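*Asks:* Chains as they are written, first to last, in the authors' numbering: chain B, 231 to 274; chain A, 175 to 222. Virtual Cβ for every residue (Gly too), placed ideally from N, Cα, C. There's a structure below that I have some questions on.
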């Protein structure tokens, strides 16, 4: 049943997009924190 | 019916690309954690 298979994939996609955004935002924070610590070590 | 079959194939490729992208972000987060721990381990050495 396509209409169901289509809807299933659309919902899976919506959830993945939201998940990808949250993880990208986490990575962004983690990179900035790593860089801060790397530079702190460089600087002192 | 044809269109909707072509549609289904394109949605699967998009779903797969999002899954791959999430995988790749996790790969990145893992490296960042590993490198953070090495920097912290060295900082702790110096602070003693």
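Measuring CB to CB, does residue 267 of chain B end up less than 9 Å from residue 217 of chain A?
*Replies:* In contact: residue 267 of chain B and residue 217 of chain A (Cβ atoms closer than 9 Å).
*Asks:* Taking only beta-carbon atoms, is residue 222 of chain A less than 9 Å away from chain B?
*Replies:* False, the Cβ-Cβ gap to chain B never drops below 9 Å.
*Asks:* Please name the residues in the segment 200-217 of chain A whose beta-carbon is closer than 9 Å to at least one beta-carbon of chain B, in chain order.
*Replies:* Flagged, chain order: 200, 202, 203, 206, 207, 209, 210, 213, 214, 216 and 217.
*Asks:* Following the continuous alpha helix (DSSP H) through residue 236 of chain B, name the residue where it begins and the one where it ends.
*Replies:* Its alpha helix (DSSP H) spans residues 232-273.
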